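All chains are named by letter (A, B, ...) in the order of the sequence lines, taking the proteins before the strands, and each is independently numbered beginning at 1.
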Amino acid sequence: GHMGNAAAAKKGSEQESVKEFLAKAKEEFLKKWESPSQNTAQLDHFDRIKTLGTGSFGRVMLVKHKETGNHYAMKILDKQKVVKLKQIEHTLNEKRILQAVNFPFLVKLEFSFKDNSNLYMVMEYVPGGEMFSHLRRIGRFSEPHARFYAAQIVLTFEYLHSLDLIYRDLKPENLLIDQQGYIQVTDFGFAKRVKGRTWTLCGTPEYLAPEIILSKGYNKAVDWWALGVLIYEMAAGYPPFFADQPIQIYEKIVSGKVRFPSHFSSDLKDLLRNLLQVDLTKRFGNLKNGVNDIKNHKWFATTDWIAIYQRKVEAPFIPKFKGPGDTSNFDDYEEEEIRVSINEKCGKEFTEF
Amino acid sequence: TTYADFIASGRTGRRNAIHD
Ligand SMILES: C[C@@H]1C[NH2+]CCCN1S(=O)(=O)c1cccc2cnccc12
């Protein structure tokens, strides 16, 4: 067979130890999920420095804690705008998830609080910027470099899926690089805790699984499809399905055809054909062997999964770091005032925050 | 080429999710 006795025993033991870790991780998650933390700081504890990112979600600002001098990334949401965009449940759920999870590649929520006007999530500052920026600048990542990042996503999805969390928002724009070169996942607005199927049309066109496009009920296998898209884009420099307009992207996604650059290794192409598998009964991550079909694939043969989890692998790329508070890996944004009305707004809606 | 097609797509920048 493929493994002799020693290798088979070692793999079996490793897989059993993952089960044991995940059982404990779930116990710990459920305690925090059922009794979430609230109101662990306030606004005047922080100096506001610079806007790191903006969007319909609100903004994220680099802030400095006045006593410790520690920097953090503060997400600011306007309660009235959240209500208007129909994002109450997503916003409450994101904060509830972030305060309950614990994994080395998931950003930590260090404080949260609210005031009359806004909600505030104070997260660790991840100073390396978006994977997106590095990927577009470098062009494409070597297979070893792509693999190092992919392994972290595999472990992160193994963890989240064990908690019945579907992620649904994977793309290089949503992955940050930390000072040691490891990934941080930050956005949980589209994540959902569901054991079976769900139906919402959500995500980013290039990363949508066929079953989402086709208005089917779908499950956690959409995250494994999205991993295939991410690995492809990291290694090629462009995603597997693109076009001028989303409708044309969706036609290609559902077609069952993908083409690969000539520099992709055979191992990489085989992994991607099994992740970018339109037939759910055949997609890796969705079979009886679960995540092990991915972790044991030849493309990952050199990956030491425990060493990745322990952060003991030397990263292939370290972002430039000019010190605490350095924002050079993020774009520049127009700075806008932070208004706190004298009158409480949308109080009942956000009682749980 | 595929790369040129990607540039021509106009989708080389940060991509919004559907809800946006
Ligand atoms: C929410 C936006 C949305 N765009 C995609 C990337 C995520 N950001 S972010 O880079 O401003 C960011 C979010 C959370 C924690 C961070 C920690 N350190 C830096 C930036 C951080």
field: Gap between atom CZ of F242(A) and atom CD1 of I7(B) - 0.5 Å precision
entry: 8.5 Å
field: Heavy-atom contact with chain B under 4.5 Å, split by part of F132(A)
entry: side chain
message: Are more than 12 heavy atoms, taken from residues, nucleotides or ligands other than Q248(A), located less than 6.0 Å from that residue's CD atom?
response: yes
message: Can you give me the closest heavy-atom contact between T2(B) and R259(A), atom names plus distance?
response: OG1-NH1, 4.3 Å
- request: Determine the minimum heavy-atom distance between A17(B) and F190(A), stating which atoms define it.
  value: CB-CE1, 3.6 Å
- request: Work out which heavy atom in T204(A) is nearest to a heavy atom in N16(B); give both atom names and the distance.
  value: CG2-O, 3.7 Å
- prompt: Would you say the side-chain atoms of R14(B) pair up with the backbone N or O of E173(A), donor to acceptor, closer than 3.5 Å?
  reply: no
query: Which pair of heavy atoms, one from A243(A) and one from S9(B), lies closest together, and at what distance?
result: O-CB, 3.7 Å
- prompt: Taking C-beta and beyond as the side chain, do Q87(A) and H19(B) meet within less than 4.5 Å on heavy atoms?
  reply: yes
- request: Please round to the nearest 0.5 Å and tell me the distance separating atom CD of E206(A) and atom CZ of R11(B).
  value: 4.0 Å
- prompt: What are the two closest non-hydrogen atoms of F6(B) and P239(A), and how far apart are they?
  reply: CE1-CD, 3.5 Å
